[PDB]
Amino acid sequence: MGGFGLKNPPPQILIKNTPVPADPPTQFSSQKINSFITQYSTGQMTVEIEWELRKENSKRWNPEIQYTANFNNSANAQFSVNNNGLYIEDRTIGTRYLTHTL
Amino acid sequence: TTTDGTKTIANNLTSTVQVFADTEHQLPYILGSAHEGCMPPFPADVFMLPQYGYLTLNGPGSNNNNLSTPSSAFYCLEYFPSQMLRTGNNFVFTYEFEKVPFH
């Protein structure tokens, strides 16, 4: 599917809500606790990645194809929300534009 | 110089030639394709240098697949920093192969 094959990829990150039981009975019972307190959690996360990239030195005279926004006036600007507030990717973008000698 | 139908060859002392080597392989590389125009086998032969040229992507016109494509590259070799040589001065460079297995 494309990507970077890794022998030792980034570690999976796993999270759970610690179970909190409801009020137990007064007489002891050895069975598992069936009923818990309904709860959920929320928060924020962050991801910071350092990318390495290769400079482009090419002596071709004439100009090259590059990625540009569409030239039509549209009802909704590209890669932007609509009236209802929904974000929309208008099309996929590949990374291959600049050329290189074979 | 040609007067009437005869040639007279003279020697211009102040004219130059200009030469460069492409170390970073930024031009299309036409060697290794087994063309002619190499040094002759026998040291007493005198040979004429071949012309340089390359060819690039073509594209599907109506009846023609020879139509250029937006990505067809045009390289101007004067946009390289060459070296201009009159008759007295000379040109040199060295090169080193990276490790390869024996044949």
# chains A, B, ... in the order shown; residues from 1 in each chain; ligands from 1
$ interface_residues --of "chain B" --to "chain A" --cutoff "8 Å" --atoms "only C-alpha atoms" --output "number ranges by chain"
B: 26-28, 70-71, 73-76, 79
$ write_last_selection --atoms "C-alpha atoms" --output "PDB file, in the first residue's frame"
ATOM      1  CA  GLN B  26      22.719  16.116 -13.530  1.00  0.00           C
ATOM      2  CA  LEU B  27      22.496  15.646 -17.299  1.00  0.00           C
ATOM      3  CA  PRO B  28      20.937  12.651 -19.035  1.00  0.00           C
ATOM      4  CA  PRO B  70       4.476  18.735 -19.862  1.00  0.00           C
ATOM      5  CA  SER B  71       7.318  16.961 -18.083  1.00  0.00           C
ATOM      6  CA  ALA B  73      12.964  18.211 -19.840  1.00  0.00           C
ATOM      7  CA  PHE B  74      15.162  20.657 -21.727  1.00  0.00           C
ATOM      8  CA  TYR B  75      18.776  20.920 -20.574  1.00  0.00           C
ATOM      9  CA  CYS B  76      21.005  23.783 -21.684  1.00  0.00           C
ATOM     10  CA  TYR B  79      24.022  26.645 -17.787  1.00  0.00           C
TER      11      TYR B  79
END
$ residues_around --residues "residue B:72" --least-positions-apart "5" --cutoff "8 Å" --atoms "only C-alpha atoms" --output "PDB file with C-alpha atoms, in the first residue's frame"
ATOM      1  CA  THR B  56      12.872  12.452 -23.286  1.00  0.00           C
ATOM      2  CA  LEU B  57       9.205  11.665 -22.579  1.00  0.00           C
ATOM      3  CA  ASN B  58       6.806  11.795 -25.497  1.00  0.00           C
TER       4      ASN B  58
END
$ residues_around --residues "residue A:89" --least-positions-apart "6" --cutoff "10 Å" --atoms "only C-alpha atoms" --output "PyMOL selection string"
chain A and resi 78-81
$ write_last_selection --atoms "C-alpha atoms" --output "mmCIF file, in the first residue's frame"
data_model
loop_
_atom_site.group_PDB
_atom_site.id
_atom_site.type_symbol
_atom_site.label_atom_id
_atom_site.label_comp_id
_atom_site.auth_asym_id
_atom_site.auth_seq_id
_atom_site.Cartn_x
_atom_site.Cartn_y
_atom_site.Cartn_z
ATOM 1 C CA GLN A 78 -10.951 23.744 -1.456
ATOM 2 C CA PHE A 79 -9.781 21.849 1.627
ATOM 3 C CA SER A 80 -12.154 23.882 3.765
ATOM 4 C CA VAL A 81 -15.409 23.669 5.686
#
$ atom_distance --atom1 "atom CA of residue B:17" --atom2 "atom CA of residue B:85"
5.3 Å
$ atom_distance --atom1 "atom CA of residue A:5" --atom2 "atom CA of residue A:94"
18.7 Å
$ residues_around --residues "residue B:10" --least-positions-apart "2" --cutoff "9 Å" --atoms "only C-alpha atoms" --output "count of residues only"
3
$ select_by_dssp --residues "chain B" --states "strand (DSSP E)" --output "count of residues only"
14
$ closest_residue --among "A:10, A:96, A:91, A:1" --to "residue A:49" --atoms "only C-alpha atoms"
A:10
$ atom_distance --atom1 "atom CA of residue B:49" --atom2 "atom CA of residue B:37"
6.2 Å
$ decode --residues "stretch 20-37 of chain A" --atoms "N, CA, C and O atoms" --output "short mmCIF file (atom, residue, chain, number, x, y, z; two decimals), in the first residue's frame"
data_model
loop_
_atom_site.label_atom_id
_atom_site.label_comp_id
_atom_site.auth_asym_id
_atom_site.auth_seq_id
_atom_site.Cartn_x
_atom_site.Cartn_y
_atom_site.Cartn_z
N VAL A 20 -14.41 0.60 38.14
CA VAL A 20 -14.84 0.97 39.48
C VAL A 20 -16.12 0.21 39.78
O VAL A 20 -17.12 0.41 39.09
N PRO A 21 -16.15 -0.66 40.78
CA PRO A 21 -17.35 -1.46 41.04
C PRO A 21 -18.44 -0.66 41.74
O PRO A 21 -18.19 0.36 42.39
N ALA A 22 -19.66 -1.14 41.59
CA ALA A 22 -20.80 -0.59 42.31
C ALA A 22 -20.83 -1.15 43.73
O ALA A 22 -19.98 -1.95 44.12
N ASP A 23 -21.83 -0.75 44.50
CA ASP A 23 -21.90 -1.14 45.90
C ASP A 23 -22.03 -2.65 46.05
O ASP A 23 -22.98 -3.25 45.52
N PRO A 24 -21.10 -3.31 46.74
CA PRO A 24 -21.16 -4.75 46.89
C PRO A 24 -22.21 -5.14 47.91
O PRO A 24 -22.63 -4.31 48.73
N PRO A 25 -22.65 -6.39 47.91
CA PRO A 25 -23.56 -6.85 48.96
C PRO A 25 -22.84 -6.99 50.29
O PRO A 25 -21.61 -7.01 50.36
N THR A 26 -23.63 -7.08 51.36
CA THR A 26 -23.05 -7.20 52.69
C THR A 26 -22.58 -8.62 52.98
O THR A 26 -21.53 -8.82 53.59
N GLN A 27 -23.36 -9.62 52.58
CA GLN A 27 -22.92 -11.01 52.69
C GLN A 27 -21.91 -11.32 51.60
O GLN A 27 -22.10 -10.94 50.44
N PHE A 28 -20.84 -12.01 51.97
CA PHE A 28 -19.78 -12.30 51.01
C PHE A 28 -20.25 -13.27 49.93
O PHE A 28 -20.99 -14.21 50.19
N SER A 29 -19.80 -13.01 48.70
CA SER A 29 -20.06 -13.88 47.56
C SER A 29 -18.81 -13.93 46.71
O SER A 29 -18.24 -12.89 46.39
N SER A 30 -18.39 -15.13 46.33
CA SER A 30 -17.11 -15.32 45.66
C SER A 30 -17.16 -15.11 44.15
O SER A 30 -16.10 -15.09 43.51
N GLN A 31 -18.34 -14.94 43.58
CA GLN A 31 -18.45 -14.73 42.14
C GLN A 31 -17.87 -13.39 41.74
O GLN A 31 -17.65 -12.50 42.57
N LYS A 32 -17.59 -13.25 40.45
CA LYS A 32 -17.05 -12.01 39.92
C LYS A 32 -18.04 -10.88 40.13
O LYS A 32 -19.25 -11.09 40.27
N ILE A 33 -17.52 -9.66 40.15
CA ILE A 33 -18.37 -8.49 40.27
C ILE A 33 -18.97 -8.19 38.90
O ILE A 33 -18.25 -7.91 37.94
N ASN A 34 -20.29 -8.25 38.82
CA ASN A 34 -20.97 -8.08 37.54
C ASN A 34 -21.15 -6.62 37.17
O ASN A 34 -20.96 -6.24 36.02
N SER A 35 -21.51 -5.78 38.14
CA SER A 35 -21.97 -4.43 37.88
C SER A 35 -20.91 -3.41 38.28
O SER A 35 -20.33 -3.51 39.37
N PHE A 36 -20.69 -2.43 37.42
CA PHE A 36 -19.71 -1.38 37.64
C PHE A 36 -20.39 -0.02 37.53
O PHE A 36 -21.58 0.09 37.26
N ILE A 37 -19.59 1.02 37.73
CA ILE A 37 -20.06 2.40 37.58
C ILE A 37 -19.78 2.85 36.16
O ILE A 37 -18.63 2.81 35.71
#
